[PDB]
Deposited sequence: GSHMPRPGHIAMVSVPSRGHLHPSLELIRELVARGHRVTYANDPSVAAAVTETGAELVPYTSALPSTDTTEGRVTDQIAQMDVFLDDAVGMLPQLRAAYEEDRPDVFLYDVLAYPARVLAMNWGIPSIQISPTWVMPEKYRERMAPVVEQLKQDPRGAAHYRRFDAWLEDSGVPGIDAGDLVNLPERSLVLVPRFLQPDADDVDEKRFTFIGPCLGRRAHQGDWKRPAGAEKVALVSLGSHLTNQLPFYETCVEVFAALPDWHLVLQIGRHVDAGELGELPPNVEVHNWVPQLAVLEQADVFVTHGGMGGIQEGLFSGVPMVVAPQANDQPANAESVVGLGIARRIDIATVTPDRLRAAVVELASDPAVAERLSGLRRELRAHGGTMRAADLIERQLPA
């Protein structure tokens, strides 16, 4: 495994930084020089891995095409910054997050092997063709048919005309998918010659403290859309509403950076309110976990053996909700409606059902069997001379 040059590229967004931290640390511990290109705003997390931070300015922070336009601008701006950074310091292999595909373009120009690191499930080969009509239902908007023209023009300018705008990005050379197969929708339609389901990349055990039950709390709940974004005030009060007059339960509600006030000047020991909680520490001793369905929270709930109440909002979240529902460990709620009775029902049932608990035990064993960081590091070292 001759020490070689490994270049990791990602973006500052939280869901694209944490999933691969322990994988990068393992590559450093094996004697390789690892450079990590990301925005300096996440220099703390990058440097803690032990990798060389290679700073670049990220352009990432309403319309559907507008969201695609911002992502294209970041790719256009990202590529020259990596080229200047690595021109005289070329790596043996390029690792890149799903949103850092400009790194693949650089690898193709220099004849260097590249590996995609997917922080969540990938799009199946039948899923691409199924979404092809929406592409033509985007070219009649004069905005969607200028975005793709700009995208194809950028690929031609960047020295890779013989590849599709879909193939580049969503059809990598080789890819490491950091979710287990049972959290990947339509996994049988995913070609495992190309994609490898690794599962999460973990490392011994995290620190930042502990969190034990308040005495006389029989069942513990964590409600946190805390992967990143929260803002739904009416639903939060319903959570305190449900757990009010419900003793033996302890609600640990995380309302998030955007709120801190709004509470009720007192509040029983039944409800404790934070803007941030050590989610792993609370999840280790919790009996139910309410979440938005982000892959990071679900995999953390899975690893801790805690059933989940999923309230999907964005695009990755509904599919995640169906998966854990199909695994018999979760219920799906609709943030638009939901009642305290329906909320309390999903909460009280999930914590009592012993069949749910046995399924978490099995999924916990299936989770590790996917290989984790040790399997991923061996597969990356395979690409080194």
Checklist entry - Where are the gaps relative to the deposited sequence? => result 1 to 4, 66 to 74, 399
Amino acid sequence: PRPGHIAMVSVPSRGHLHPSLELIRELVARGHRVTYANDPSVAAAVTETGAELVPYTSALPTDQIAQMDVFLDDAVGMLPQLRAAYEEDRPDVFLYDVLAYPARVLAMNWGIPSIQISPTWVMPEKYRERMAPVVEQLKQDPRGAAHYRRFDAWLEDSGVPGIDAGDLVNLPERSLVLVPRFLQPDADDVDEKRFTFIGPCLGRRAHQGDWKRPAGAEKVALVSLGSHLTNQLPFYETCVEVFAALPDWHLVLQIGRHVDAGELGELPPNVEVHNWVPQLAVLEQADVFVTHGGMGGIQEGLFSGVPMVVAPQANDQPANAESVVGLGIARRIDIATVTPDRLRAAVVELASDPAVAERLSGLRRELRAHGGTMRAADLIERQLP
From here on, numbers count along this sequence of modelled residues.
Checklist outcome for this item: Looking only at C-alpha temperature factors in the entry, 253 to 261 or 119 to 127, the higher average sits in 253 to 261
Checklist outcome for this item: The stretch carrying the higher mean Cα B factor in the deposited entry, 147 to 155 or 243 to 251, is 243 to 251
Next on the checklist: Per the entry's Cα B factor values, which of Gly296, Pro80, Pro180, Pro142 stands out as the maximum?
Outcome noted: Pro142
Checklist outcome for this item: The residue of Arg359, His32, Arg342, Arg331 with the maximal C-alpha B-factor according to the PDB record is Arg342
Checklist outcome for this item: Quick tally, chain-level thirds of C-alpha B-factors: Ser304 sits in the middle
Checklist outcome for this item: Split the chain's modelled residues into thirds by Cα B-factor; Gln67 lands in the highest
Checklist entry - Hey, what third does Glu136 fall into on Cα B-factor, ranked over its chain? => result highest
Checklist entry - Which third of the chain holds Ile335 when residues are ordered by C-alpha B factor: lowest, middle or highest? => result highest
Checklist outcome for this item: Among the modelled residues of its chain, the C-alpha B-factor of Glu52 falls in the third labelled lowest
